[PDB]
Amino acid sequence: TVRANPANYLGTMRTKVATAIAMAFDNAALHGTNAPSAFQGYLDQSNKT
Amino acid sequence: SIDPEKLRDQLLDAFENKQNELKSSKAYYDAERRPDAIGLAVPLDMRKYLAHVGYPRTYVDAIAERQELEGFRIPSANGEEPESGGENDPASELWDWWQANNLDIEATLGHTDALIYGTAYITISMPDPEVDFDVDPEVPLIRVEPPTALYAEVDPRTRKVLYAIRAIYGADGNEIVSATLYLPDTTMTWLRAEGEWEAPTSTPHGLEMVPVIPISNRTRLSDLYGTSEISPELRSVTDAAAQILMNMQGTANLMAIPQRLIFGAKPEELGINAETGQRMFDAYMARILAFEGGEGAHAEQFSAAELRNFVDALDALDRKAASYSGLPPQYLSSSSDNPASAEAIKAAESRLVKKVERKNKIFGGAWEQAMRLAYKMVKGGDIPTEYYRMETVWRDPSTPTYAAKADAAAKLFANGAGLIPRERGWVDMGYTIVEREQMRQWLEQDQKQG
Amino acid sequence: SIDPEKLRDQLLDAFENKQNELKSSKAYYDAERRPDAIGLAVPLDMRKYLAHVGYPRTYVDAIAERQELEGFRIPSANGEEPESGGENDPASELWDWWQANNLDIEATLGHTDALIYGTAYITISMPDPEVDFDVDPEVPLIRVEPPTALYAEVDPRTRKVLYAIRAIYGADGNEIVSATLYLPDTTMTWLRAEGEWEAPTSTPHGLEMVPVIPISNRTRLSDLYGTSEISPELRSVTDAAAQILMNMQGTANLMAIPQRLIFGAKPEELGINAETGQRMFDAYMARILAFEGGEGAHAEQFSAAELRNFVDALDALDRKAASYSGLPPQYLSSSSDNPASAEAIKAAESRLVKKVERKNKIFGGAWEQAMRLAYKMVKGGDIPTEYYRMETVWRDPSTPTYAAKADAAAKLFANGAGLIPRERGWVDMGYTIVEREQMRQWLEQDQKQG
Amino acid sequence: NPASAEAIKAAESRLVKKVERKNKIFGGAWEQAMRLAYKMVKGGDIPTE
Amino acid sequence: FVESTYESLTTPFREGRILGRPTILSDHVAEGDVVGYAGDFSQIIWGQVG
């Protein structure tokens with residue numbers, strides 16, 4: 001698979017993972033969805049609507 | 001054909017992978033924490049008080065201090081010499097671009113990093129008049145780049161570059177913000193970070209070869225992609241000296257003075273405070289401590305550790321770091337004396353200055369290509385076949401000793417009756433090409449009166 | 001005769017087999033992990049902190065650093081050939097090829113591989129106009145290849161090469177991405193991988209001999225195929241020093257300080273915590289430790305090891321390495337006296353300078369024969385029989401004591417009244433053949449005035 | 001002490017080559033800044049030399 | 001938030017201001033019944049190592 005690199009699958013995965021890593025930081029920071037214990041608060045935690 | 005997009009990612013991989021190897025070499029010149037440097041006898045909470053060691057910093061500086069070009073020298077095309085031909089000649093053309101680019105400054109940095117990491121890269125590119133306006137637009141821009149920012153794949157069947165990538169990080173070093181791909185007939189740039197690319201600014205070029213030249217430090221034909229000058233030999237004594245220095249530093253905090261014991265005398269009889277386990281003492285001079293004693297009570301002490309014992313190892317290890325690196329012994333403070341005669345310097349220096357001369361020889365091979373590339377870009381067509389035989393001319397790497405050169409040169413020239421013609425006496429006094437070209441004007445202005 | 005596609009595999013087996021032999025010597029010029037270098041006294045966890053020892057690289061550089069070819073000598077029935085620029089003396093045509101190829105760079109690498117492994121190979125060909133972008137197309141492509149990339153079978157009856165193969169590994173060092181096979185009358189190459197991925201290109205050539213010449217490091221005739229310069233004595237003293245340097249480093253991590261002890265007070269009497277076997281002593285200066293010592297206690301310490309006791313053994317190993325290599329003592333010991341005068345420098349360098357001149361004598365015969373073979377390949381006719389008498393000329397290996405040479409050359413020439421003719425004074429000063437022609441022109445342009 | 005004009009040069013060697021190195025690099029700032037000073041006060045454009 | 005014959009895109013959706021405060025837009029801010037945030041965005045800091 002790595003010799004052939006069909007459909008540029010290897011190069012495509014690198015971009016697709018980098019997007020997922022970025023989107024996970026936003027879901028963590030905004031709505032707290034999977035936030036690691038190290039993150040102090042998340043935006044959705046606010047006491048006002 | 002090859003796809004530029006696939007190739008951009010393919011080279012970003014090989015580059016951003018290769019950074020992990022060369023990080024090890026940088027740690028010696030920046031004196032970063034290496035685990036192996038840390039002296040084992042130091043107590044675990046005290047291990048943070050590191051000792052750093054400067055042999056690699058000293059060695060790469062001592063070489064890169066001594067390299068500069070006096071100029072370029074090119075064969076006579078026809079007739080006797082180009083030499084008195086001045087600003088019309090091909091040697092002064094190539095020196096004009098060197099001055100205009102300030103390569104006299106930044107080639108010294110390129111030489112330095114070629115000795116740190118084992119390679120650096122010269123990029124040739126005609127300037128775009130729409131950016132970087134502090135340039136002469138008639139002159140080809142020449143830029144030297146570290147292997148932390150440019151990467152190039154040599155074909156091993158030839159020794160040419162196949163393709164290369166220059167990529168530059170944001171100010172915090174966390175992200176690539178722009179990348180440039182060089183190909184044998186074109187150059188391309190993408191202008192924003194990797195999650196946010198935009199269509200490339202693209203240019204052809206006529207050179208039919210990649211406009212990047214690898215400056216590479218090498219010792220053998222076998223060193224096919226270059227080699228860091230900071231050898232494993234020199235790394236090992238850099239880390240060994242750090243282990244000694246930390247163990248001696250810890251010893252100076254913990255054992256350089258005796259530890260004092262009293263046996264047999266009861267804590268209650270000493271009047272020691274039962275909650276805190278200790279008692280105050282005024283301990284000014286000539287106080288005598290009188291104890292009730294009994295039970296065979298007496299005082300005795302553990303001796304100090306001699307810090308001389310560690311110093312004997314450091315004196316021996318400096319004598320190793322000198323002999324491995326080839327620095328003069330005074331550079332590592334270890335000589336029995338200073339020099340005391342004009343050639344007694346040349347003796348101590350001789351082990352280093354022959355090394356510096358071979359670095360000049362091996363990097364000469366890069367610049368003598370860089371100027372062929374820059375010529376072919378500016379003029380187009382075939383390069384005048386004299387240029388394949390140029391040599392770079394370099395400063396004599398030893399310390400200048402003008403007063404001892406003087407009485408020799410004058411004894412050879414003998415007011416024109418002597419063994420050598422005037423201009424070889426100027427070469428021998430070590431005046432640079434660029435200087436002799438003005439000094440020949442001053443000679444005419446003097447010979448006008450006699 | 002053998003079908004060439006059969007012969008390449010037979011050669012590639014012999015070439016692959018050779019690598020495992022020459023890899024032994026490699027492990028001393030690079031300070032690789034050698035198991036015999038590891039000092040035995042350090043415990044099995046500290047064995048990772050390898051010492052490395054620089055003598056072999058110091059020696060093999062200190063020879064190759066001194067070598068440089070300055071030109072060629074060819075005699076004739078005219079008694080002298082006029083210096084006459086770049087071609088009319090045939091020696092200047094050879095020197096023209098010696099710069100159109102950068103052999104001034106590739107030789108000073110190639111001799112280092114020729115000393116390390118014991119051999120290197122000079123390859124001659126006409127340039128390929130489809131591939132060789134960066135050469136004058138009319139000069140012969142003369143180039144050096146290390147024994148890690150070229151192998152040649154030499155017939156013991158004649159010392160001629162029978163055939164030779166040059167095989168290039170890919171960027172990962174694994175697959176042979178091309179092979180070039182040289183026969184007596186023909187050069188052949190397979191271009192993409194092992195002749196699996198392409199059919200061979202071919203070219204006939206006008207020779208009786210394979211167009212490859214071995215540079216070989218021969219100490220005596222009995223080195224029928226040449227041998228490594230890193231001699232068994234230097235390997236011995238290098239590994240011996242590596243063991244003693246590790247045992248000293250391990251001592252400084254464990255035992256450069258006393259180990260303190262008390263007897264006659266059970267752990268409960270010290271208030272030692274039962275789970276951890278310790279109590280936090282109040283470590284500051286000038287405390288006095290009070291104990292009951294209820295058995296009739298006493299204090300003792302094991303001694304530190306004297307690190308001087310390793311150091312004055314390392315002295316003897318450096319002094320051995322000096323005597324075996326013949327390097328000036330000042331290359332290896334900082335405690336050896338720095339020579340005060342030019343005569344004392346001729347004394348100290350003498351042991352090395354003679355050995356460098358042997359390498360000049362022995363490698364000269366390789367380059368000399370390569371030029372004769374290049375002459376047949378470029379010009380197609382038989383060689384003028386004067387070329388069999390040709391000889392190389394090399395840089396004076398000794399340090400340039402210019403102020404001593406100038407007063408001597410001035411005394412001998414004595415403004416034309418003296419002993420020597422002008423030209424002998426120029427060679428006694430050590431000016432190259434290449435500079436001598438500049439001397440000619442600059443003298444005429446001075447005698448034009450007087 | 002270094003007793004001679006030669007032993008002076010031997011002792012000073014490292015410091016001297018380190019200062020020549022700084023002078024090359026700091027020269028690169030003033031060689032630049034004087035072009036801006038000229039191009040500001042004299043106006044127009046930089047004379048090529 | 002739009003004018004005249006209503007040809008143009010509505011001002012905050014051109015990333016224009018509302019009442020002197022700038023607008024930020026994105027396609028993945030909404031989750032559940034929450035579709036945006038207003039506040040003092042100087043009260044966020046973030047960092048990335050290496």
# chains A, B, ... in the order shown; residues from 1 in each chain; ligands from 1
>>> interface_residues(of="chain B", to="chain D", cutoff="10 Å", atoms="only C-alpha atoms", output="ChimeraX atom specification")
/B:58,61-62,64-66,100,102,104-106,108-109,134-138,330-331,337-346,348-349,399-401,403-404
>>> write_last_selection(atoms="N, CA and C atoms", output="CSV table (one decimal), in the first residue's frame")
chain,number,residue,atom,x,y,z
B,58,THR,N,33.4,25.7,21.1
B,58,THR,CA,34.7,26.2,20.8
B,58,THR,C,35.3,25.7,19.5
B,61,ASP,N,33.4,27.2,16.3
B,61,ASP,CA,33.8,28.5,16.1
B,61,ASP,C,35.2,28.6,15.6
B,62,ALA,N,36.2,27.9,16.2
B,62,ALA,CA,37.6,28.0,15.9
B,62,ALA,C,37.8,27.8,14.4
B,64,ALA,N,35.1,28.2,11.8
B,64,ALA,CA,34.3,29.2,11.1
B,64,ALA,C,34.8,30.6,11.3
B,65,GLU,N,35.6,30.9,12.3
B,65,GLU,CA,36.4,32.2,12.5
B,65,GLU,C,37.3,32.4,11.3
B,66,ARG,N,37.9,31.4,10.7
B,66,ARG,CA,39.1,31.5,9.8
B,66,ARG,C,38.8,31.4,8.3
B,100,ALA,N,27.4,42.5,-3.6
B,100,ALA,CA,26.0,43.1,-3.7
B,100,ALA,C,25.0,42.3,-2.8
B,102,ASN,N,25.9,40.8,-0.1
B,102,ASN,CA,26.5,40.6,1.2
B,102,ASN,C,26.9,39.2,1.6
B,104,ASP,N,29.7,38.0,1.8
B,104,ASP,CA,30.8,38.1,2.8
B,104,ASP,C,30.4,38.0,4.2
B,105,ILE,N,29.1,38.4,4.6
B,105,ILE,CA,28.5,38.1,5.9
B,105,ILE,C,27.9,36.7,5.9
B,106,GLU,N,26.8,36.5,5.1
B,106,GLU,CA,26.0,35.3,5.3
B,106,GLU,C,26.6,34.0,4.8
B,108,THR,N,29.5,33.2,5.8
B,108,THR,CA,30.1,32.8,7.1
B,108,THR,C,29.2,32.1,8.0
B,109,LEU,N,27.9,32.5,8.0
B,109,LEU,CA,26.8,31.7,8.7
B,109,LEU,C,26.6,30.4,8.0
B,134,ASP,N,15.3,46.3,-1.1
B,134,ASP,CA,16.7,46.5,-0.8
B,134,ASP,C,17.7,45.6,-1.6
B,135,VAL,N,17.6,45.7,-2.9
B,135,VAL,CA,18.4,44.9,-3.9
B,135,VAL,C,18.7,45.6,-5.1
B,136,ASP,N,19.8,45.3,-5.8
B,136,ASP,CA,20.0,45.6,-7.2
B,136,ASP,C,19.3,44.7,-8.1
B,137,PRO,N,18.3,45.0,-8.8
B,137,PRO,CA,17.5,44.1,-9.7
B,137,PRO,C,18.3,43.6,-10.9
B,138,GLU,N,19.4,44.2,-11.2
B,138,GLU,CA,20.3,43.6,-12.3
B,138,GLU,C,21.1,42.4,-11.8
B,330,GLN,N,46.6,26.1,24.0
B,330,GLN,CA,46.2,27.3,24.7
B,330,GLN,C,44.7,27.6,24.5
B,331,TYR,N,44.0,27.1,23.5
B,331,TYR,CA,42.6,27.3,23.4
B,331,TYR,C,41.8,26.6,24.5
B,337,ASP,N,53.1,26.6,28.6
B,337,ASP,CA,53.5,28.0,28.3
B,337,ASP,C,52.7,28.6,27.1
B,338,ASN,N,52.8,30.0,27.0
B,338,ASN,CA,52.6,30.7,25.7
B,338,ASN,C,53.7,30.4,24.7
B,339,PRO,N,53.4,30.5,23.4
B,339,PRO,CA,54.5,30.7,22.4
B,339,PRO,C,55.5,31.8,22.8
B,340,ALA,N,56.7,31.8,22.3
B,340,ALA,CA,57.8,32.8,22.6
B,340,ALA,C,58.7,33.0,21.3
B,341,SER,N,58.3,32.7,20.1
B,341,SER,CA,59.0,33.0,18.9
B,341,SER,C,58.0,33.0,17.7
B,342,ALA,N,58.3,33.8,16.6
B,342,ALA,CA,57.4,34.0,15.5
B,342,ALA,C,56.9,32.7,14.9
B,343,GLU,N,57.7,31.7,14.8
B,343,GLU,CA,57.3,30.4,14.2
B,343,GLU,C,56.9,29.4,15.3
B,344,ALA,N,57.1,29.7,16.6
B,344,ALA,CA,56.6,28.8,17.7
B,344,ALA,C,55.0,28.9,17.8
B,345,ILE,N,54.5,30.0,17.3
B,345,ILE,CA,53.0,30.1,17.0
B,345,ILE,C,52.7,29.1,15.9
B,346,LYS,N,53.3,29.1,14.7
B,346,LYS,CA,53.0,28.3,13.6
B,346,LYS,C,53.1,26.8,13.9
B,348,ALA,N,52.2,25.4,17.0
B,348,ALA,CA,50.9,25.1,17.7
B,348,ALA,C,49.7,25.2,16.8
B,349,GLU,N,49.7,26.2,15.9
B,349,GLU,CA,48.6,26.4,15.0
B,349,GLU,C,48.5,25.4,13.9
B,399,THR,N,47.2,32.9,11.8
B,399,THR,CA,47.3,34.3,12.3
B,399,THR,C,48.2,35.1,11.5
B,400,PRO,N,47.9,36.4,11.3
B,400,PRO,CA,48.8,37.3,10.5
B,400,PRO,C,50.0,37.6,11.4
B,401,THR,N,51.2,37.6,10.8
B,401,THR,CA,52.4,38.0,11.5
B,401,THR,C,53.2,39.0,10.7
B,403,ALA,N,55.0,41.7,11.0
B,403,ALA,CA,56.4,42.1,11.2
B,403,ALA,C,57.4,41.0,10.8
B,404,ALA,N,57.1,39.8,10.8
B,404,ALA,CA,58.0,38.7,10.4
B,404,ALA,C,57.8,38.4,8.9
>>> closest_atom_pairs(of="chain B", to="chain E", cutoff="12 Å", atoms="only C-alpha atoms", output="JSON lines")
{"residue": "B:169", "atom": "CA", "partner": "E:50", "partner_atom": "CA", "distance": 11.4}
{"residue": "B:170", "atom": "CA", "partner": "E:50", "partner_atom": "CA", "distance": 11.7}
{"residue": "B:172", "atom": "CA", "partner": "E:50", "partner_atom": "CA", "distance": 8.8}
{"residue": "B:173", "atom": "CA", "partner": "E:50", "partner_atom": "CA", "distance": 7.3}
{"residue": "B:174", "atom": "CA", "partner": "E:50", "partner_atom": "CA", "distance": 5.3}
{"residue": "B:175", "atom": "CA", "partner": "E:50", "partner_atom": "CA", "distance": 8.6}
{"residue": "B:176", "atom": "CA", "partner": "E:50", "partner_atom": "CA", "distance": 11.7}
>>> atom_distance(atom1="atom CA of residue C:278", atom2="atom CA of residue B:279")
21.8 Å
>>> residues_around(residues="stretch 34-48 of chain A", least_positions_apart="2", cutoff="12 Å", atoms="only C-alpha atoms", output="short mmCIF file (atom, residue, chain, number, x, y, z; two decimals) with N, CA and C atoms, in the first residue's frame")
data_model
loop_
_atom_site.label_atom_id
_atom_site.label_comp_id
_atom_site.auth_asym_id
_atom_site.auth_seq_id
_atom_site.Cartn_x
_atom_site.Cartn_y
_atom_site.Cartn_z
N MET A 23 -10.43 20.05 14.72
CA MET A 23 -11.84 20.03 15.11
C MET A 23 -12.04 19.50 16.53
N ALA A 24 -11.25 18.52 16.97
CA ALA A 24 -11.31 18.02 18.34
C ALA A 24 -10.95 19.10 19.37
N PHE A 25 -9.98 19.96 19.07
CA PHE A 25 -9.65 21.08 19.95
C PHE A 25 -10.81 22.06 20.07
N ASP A 26 -11.49 22.39 18.98
CA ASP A 26 -12.68 23.23 19.05
C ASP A 26 -13.82 22.56 19.81
N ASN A 27 -14.16 21.29 19.55
CA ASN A 27 -15.21 20.62 20.32
C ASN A 27 -14.87 20.56 21.81
N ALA A 28 -13.60 20.36 22.15
CA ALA A 28 -13.17 20.39 23.54
C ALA A 28 -13.30 21.79 24.13
N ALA A 29 -12.80 22.82 23.45
CA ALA A 29 -12.76 24.15 24.01
C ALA A 29 -14.14 24.80 24.11
N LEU A 30 -15.01 24.58 23.13
CA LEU A 30 -16.33 25.16 23.08
C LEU A 30 -17.27 24.39 24.00
N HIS A 31 -17.64 23.18 23.62
CA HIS A 31 -18.69 22.41 24.30
C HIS A 31 -18.17 21.40 25.31
N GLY A 32 -16.86 21.30 25.52
CA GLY A 32 -16.29 20.43 26.55
C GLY A 32 -16.39 18.93 26.25
N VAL E 29 -20.03 25.70 15.20
CA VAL E 29 -20.19 26.29 16.53
C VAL E 29 -21.44 25.77 17.22
N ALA E 30 -22.50 25.46 16.48
CA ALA E 30 -23.75 25.02 17.05
C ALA E 30 -23.72 23.56 17.52
N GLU E 31 -24.15 23.31 18.74
CA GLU E 31 -24.46 21.98 19.27
C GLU E 31 -25.68 22.08 20.18
N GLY E 32 -26.54 21.07 20.15
CA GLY E 32 -27.80 21.12 20.89
C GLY E 32 -28.64 22.33 20.49
N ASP E 33 -29.15 23.06 21.48
CA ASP E 33 -29.93 24.29 21.31
C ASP E 33 -29.10 25.58 21.38
N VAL E 34 -27.77 25.49 21.45
CA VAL E 34 -26.87 26.65 21.50
C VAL E 34 -26.25 26.87 20.14
N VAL E 35 -26.36 28.09 19.62
CA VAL E 35 -25.97 28.42 18.23
C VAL E 35 -24.97 29.56 18.12
N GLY E 36 -24.51 30.12 19.23
CA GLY E 36 -23.48 31.15 19.22
C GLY E 36 -23.14 31.65 20.61
N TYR E 37 -22.10 32.46 20.70
CA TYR E 37 -21.63 33.02 21.96
C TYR E 37 -21.31 34.50 21.78
N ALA E 38 -21.69 35.34 22.73
CA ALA E 38 -21.26 36.72 22.81
C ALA E 38 -20.56 36.95 24.14
N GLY E 39 -19.50 37.73 24.18
CA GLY E 39 -18.81 37.97 25.45
C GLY E 39 -17.50 38.71 25.30
N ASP E 40 -16.66 38.64 26.33
CA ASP E 40 -15.30 39.17 26.32
C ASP E 40 -14.31 38.10 25.87
N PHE E 41 -14.07 37.99 24.57
CA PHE E 41 -13.16 36.99 24.03
C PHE E 41 -11.69 37.27 24.36
N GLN E 43 -10.85 36.99 27.42
CA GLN E 43 -10.77 36.05 28.53
C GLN E 43 -10.38 34.62 28.13
N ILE E 44 -10.03 34.35 26.87
CA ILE E 44 -9.49 33.05 26.45
C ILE E 44 -8.00 33.19 26.18
N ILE E 45 -7.16 32.29 26.68
CA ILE E 45 -5.82 32.10 26.13
C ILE E 45 -5.61 30.65 25.76
N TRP E 46 -4.79 30.39 24.76
CA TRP E 46 -4.41 29.04 24.36
C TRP E 46 -2.95 28.99 23.92
N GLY E 47 -2.35 27.81 23.98
CA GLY E 47 -0.99 27.60 23.52
C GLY E 47 -0.78 26.20 22.98
#
>>> residues_around(residues="residue E:12", least_positions_apart="2", cutoff="10 Å", atoms="only C-alpha atoms", output="MDAnalysis selection string")
chainID E and resid 1:2 9:10 14:18 22:25
>>> closest_residue(among="C:103, C:130, C:323, C:16", to="residue B:362", atoms="only C-alpha atoms")
C:103
>>> interface_residues(of="chain B", to="chain A", cutoff="9 Å", atoms="only C-alpha atoms", output="list in words")
residues 6, 9, 10, 194 and 195 of chain B
>>> residues_around(residues="residue C:71", least_positions_apart="2", cutoff="9 Å", atoms="only C-alpha atoms", output="ChimeraX atom specification")
/C:69,73,91-92,94-95,98,392-394,432-434
>>> write_last_selection(atoms="C-alpha atoms", output="mmCIF file, in the first residue's frame")
data_model
loop_
_atom_site.group_PDB
_atom_site.id
_atom_site.type_symbol
_atom_site.label_atom_id
_atom_site.label_comp_id
_atom_site.auth_asym_id
_atom_site.auth_seq_id
_atom_site.Cartn_x
_atom_site.Cartn_y
_atom_site.Cartn_z
ATOM 1 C CA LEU C 69 49.360 17.588 -6.367
ATOM 2 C CA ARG C 73 56.604 16.714 -15.267
ATOM 3 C CA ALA C 91 51.965 18.724 -18.908
ATOM 4 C CA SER C 92 49.652 21.773 -19.054
ATOM 5 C CA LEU C 94 47.025 17.227 -18.194
ATOM 6 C CA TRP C 95 46.707 20.020 -15.628
ATOM 7 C CA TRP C 98 42.893 18.219 -13.639
ATOM 8 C CA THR C 392 54.053 13.953 -10.466
ATOM 9 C CA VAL C 393 55.087 16.945 -8.314
ATOM 10 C CA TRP C 394 53.593 17.516 -4.870
ATOM 11 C CA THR C 432 53.689 25.969 -7.622
ATOM 12 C CA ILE C 433 54.112 25.314 -11.375
ATOM 13 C CA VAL C 434 50.756 27.133 -11.788
#
>>> residues_around(residues="stretch 282-294 of chain B", least_positions_apart="4", cutoff="10 Å", atoms="only C-alpha atoms", output="compact mmCIF listing (two decimals) with C-alpha atoms, in the first residue's frame")
# COMPACT_ATOMS: atom_id res chain seq x y z
CA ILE B 262 29.97 12.94 69.17
CA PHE B 263 29.23 9.50 70.66
CA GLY B 264 28.27 8.21 74.14
CA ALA B 265 26.94 11.53 75.56
CA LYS B 266 23.13 11.33 76.10
CA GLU B 269 22.55 15.46 79.13
CA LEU B 270 23.50 17.63 76.13
CA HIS B 298 34.31 11.01 72.58
CA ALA C 286 29.08 23.11 60.93
>>> interface_residues(of="chain B", to="chain C", cutoff="6 Å", atoms="only C-alpha atoms", output="ChimeraX atom specification")
/B:40-41,220-221,233,236,260-266,305,309,323-324,335,344,388-389,408,412,417-418,421
>>> write_last_selection(atoms="C-alpha atoms", output="PDB file, in the first residue's frame")
ATOM      1  CA  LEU B  40      25.140  10.161  38.616  1.00  0.00           C
ATOM      2  CA  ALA B  41      26.467  10.815  42.147  1.00  0.00           C
ATOM      3  CA  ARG B 220      35.581  10.815   2.649  1.00  0.00           C
ATOM      4  CA  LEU B 221      34.113   9.991  -0.736  1.00  0.00           C
ATOM      5  CA  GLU B 233      34.702  11.317  19.543  1.00  0.00           C
ATOM      6  CA  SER B 236      31.792  11.656  24.227  1.00  0.00           C
ATOM      7  CA  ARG B 260      31.559  16.190  63.057  1.00  0.00           C
ATOM      8  CA  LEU B 261      30.269  13.398  65.375  1.00  0.00           C
ATOM      9  CA  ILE B 262      29.973  12.943  69.168  1.00  0.00           C
ATOM     10  CA  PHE B 263      29.229   9.497  70.660  1.00  0.00           C
ATOM     11  CA  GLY B 264      28.266   8.207  74.144  1.00  0.00           C
ATOM     12  CA  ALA B 265      26.943  11.531  75.555  1.00  0.00           C
ATOM     13  CA  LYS B 266      23.134  11.332  76.097  1.00  0.00           C
ATOM     14  CA  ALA B 305      36.491  14.688  50.148  1.00  0.00           C
ATOM     15  CA  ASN B 309      40.638  14.130  43.091  1.00  0.00           C
ATOM     16  CA  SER B 323      44.096  16.083  20.996  1.00  0.00           C
ATOM     17  CA  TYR B 324      40.747  14.840  19.595  1.00  0.00           C
ATOM     18  CA  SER B 335      49.615  24.506  27.788  1.00  0.00           C
ATOM     19  CA  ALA B 344      56.579  28.835  17.689  1.00  0.00           C
ATOM     20  CA  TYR B 388      34.607  25.218 -15.584  1.00  0.00           C
ATOM     21  CA  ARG B 389      38.230  25.740 -14.391  1.00  0.00           C
ATOM     22  CA  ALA B 408      61.369  38.483   4.514  1.00  0.00           C
ATOM     23  CA  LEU B 412      63.352  38.940  -1.575  1.00  0.00           C
ATOM     24  CA  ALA B 417      67.032  43.935  -8.025  1.00  0.00           C
ATOM     25  CA  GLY B 418      65.676  40.900  -6.114  1.00  0.00           C
ATOM     26  CA  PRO B 421      58.576  40.557  -9.188  1.00  0.00           C
TER      27      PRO B 421
END
>>> select_by_dssp(residues="stretch 220-271 of chain C", states="alpha helix (DSSP H)", output="MDAnalysis selection string")
chainID C and resid 232:254 267:270
>>> write_last_selection(atoms="C-alpha atoms", output="PDB file, in the first residue's frame")
ATOM      1  CA  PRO C 232      46.925  -3.190  14.231  1.00  0.00           C
ATOM      2  CA  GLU C 233      49.128  -1.271  16.702  1.00  0.00           C
ATOM      3  CA  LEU C 234      46.898   1.834  16.454  1.00  0.00           C
ATOM      4  CA  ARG C 235      43.756  -0.337  16.836  1.00  0.00           C
ATOM      5  CA  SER C 236      45.378  -1.924  19.920  1.00  0.00           C
ATOM      6  CA  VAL C 237      46.346   1.318  21.702  1.00  0.00           C
ATOM      7  CA  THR C 238      42.982   2.925  20.745  1.00  0.00           C
ATOM      8  CA  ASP C 239      40.914   0.142  22.324  1.00  0.00           C
ATOM      9  CA  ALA C 240      43.253  -0.050  25.344  1.00  0.00           C
ATOM     10  CA  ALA C 241      42.782   3.686  25.957  1.00  0.00           C
ATOM     11  CA  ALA C 242      38.998   3.339  25.494  1.00  0.00           C
ATOM     12  CA  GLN C 243      38.816   0.754  28.313  1.00  0.00           C
ATOM     13  CA  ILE C 244      40.928   2.813  30.764  1.00  0.00           C
ATOM     14  CA  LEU C 245      38.926   5.986  29.984  1.00  0.00           C
ATOM     15  CA  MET C 246      35.598   4.189  30.716  1.00  0.00           C
ATOM     16  CA  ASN C 247      36.857   2.665  34.001  1.00  0.00           C
ATOM     17  CA  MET C 248      37.972   6.160  35.093  1.00  0.00           C
ATOM     18  CA  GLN C 249      34.565   7.698  34.156  1.00  0.00           C
ATOM     19  CA  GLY C 250      32.758   4.922  36.074  1.00  0.00           C
ATOM     20  CA  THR C 251      35.003   5.574  39.097  1.00  0.00           C
ATOM     21  CA  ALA C 252      34.040   9.266  39.075  1.00  0.00           C
ATOM     22  CA  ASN C 253      30.316   8.267  39.070  1.00  0.00           C
ATOM     23  CA  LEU C 254      30.676   5.908  42.097  1.00  0.00           C
ATOM     24  CA  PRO C 267      18.305   1.859  63.252  1.00  0.00           C
ATOM     25  CA  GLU C 268      15.664   2.393  65.997  1.00  0.00           C
ATOM     26  CA  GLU C 269      18.284   4.339  68.066  1.00  0.00           C
ATOM     27  CA  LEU C 270      18.792   6.784  65.131  1.00  0.00           C
TER      28      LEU C 270
END
>>> residues_around(residues="stretch 162-166 of chain C", least_positions_apart="6", cutoff="7 Å", atoms="only C-alpha atoms", output="short mmCIF file (atom, residue, chain, number, x, y, z; two decimals) with C-alpha atoms, in the first residue's frame")
data_model
loop_
_atom_site.label_atom_id
_atom_site.label_comp_id
_atom_site.auth_asym_id
_atom_site.auth_seq_id
_atom_site.Cartn_x
_atom_site.Cartn_y
_atom_site.Cartn_z
CA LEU C 11 30.93 -9.43 -9.60
CA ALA C 149 31.02 1.67 -4.37
CA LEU C 150 33.55 0.04 -6.79
CA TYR C 151 35.24 -3.39 -6.89
CA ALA C 152 37.87 -4.60 -9.39
CA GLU C 153 39.38 -8.09 -9.85
CA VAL C 154 43.17 -7.72 -10.33
CA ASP C 155 45.06 -10.63 -11.96
CA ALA C 179 25.47 -1.14 -11.81
CA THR C 180 28.23 -0.16 -14.27
CA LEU C 181 30.47 -2.99 -15.51
CA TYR C 182 33.81 -2.16 -17.19
CA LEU C 183 35.32 -4.67 -19.66
CA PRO C 184 38.73 -4.30 -21.42
CA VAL C 210 39.77 -1.72 -18.26
#
>>> atom_distance(atom1="atom CA of residue B:143", atom2="atom CA of residue B:122")
5.8 Å
>>> atom_distance(atom1="atom CA of residue C:209", atom2="atom CA of residue C:160")
7.7 Å
